[PDB]
């Protein structure tokens, strides 16, 4: 009984009635049929006073409704700047995501709330956070014509963009420069390729050594599960395969299809890479979607020379 009253006194904005109910023992973390709590409703309707009293009585600042929305999601959706700052001040998760990977920044940027975008960024909101549909806040702001927000997130991405371009084009002095200026060495592009993915793909050995030297993730996956070692075994750059394994590259890393670096080394006839992978404990028993082992793939592509090595094991 008290639960329902508190929930509707928050929705309705009745400050005095919320005080009375909480003093009579009403549960501050009460939840309705879909998981909305009093703090959810006060944030949606924009009742700053109530928000502050509920948190003051031990209200869960990161409660999740049935869909995964938190009070911060709702404040950023409706554009209530003052309430956003209160929620973060009380320990609200700035990078919380609902069931389709939506963060507060996605919503602020989509509904065109410049000030909230800025406050969310100031508290560590991920600039390139991708939702369930591959969309960042910058994408959502572009598609909705929120010009100022687009230009702000584009600026907030530029440094990480130039590192990715530098690593792809093979410009070592630019890679070094942008790392020295705070570039996130593990940033990702539109498909999950990190600078290390792109240097291995293009065969830029020098830059692969520099990236690992500055704490690049050697076993990073893109959106399809490919690690850097995967790409180096496909393209057939032996020296990059050697550098990755020296830094703990998962030799038996499997992508979304189960394919491992040894599958591609045999499929595209790269004898030298096969040896090094087996030296580091590459399992030949592993299969994949098609159910084929690295030995089967060596015969299909007319490469019996590599197949004879696998037989011996």
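Numbering follows the first chain given and starts at 1.
In this crystal structure, the stretch out of 27-35 and 283-291 whose C-alpha atoms carry the higher mean B factor is 283-291. For the two regions 104-112 and 221-229, the entry's Cα B-factors average higher over 221-229. Out of 41, 249, 48, 63, it is 249 whose C-alpha atom has the highest B-factor in the PDB entry. In the PDB entry, a CA B factor belonging to the middle third of its chain's modelled residues is recorded for residue 155. Annotation for residue 130: C-alpha temperature factor in the lowest third relative to the rest of the modelled chain, per the entry.
Looking at the C-alpha B-factors along this chain, the one for residue 161 belongs to the lowest third. In this PDB entry, residue 238 carries a Cα temperature factor that places it within the highest third of its chain's modelled residues. Split the chain's modelled residues into thirds by C-alpha temperature factor. Residue 67 is in the middle one.
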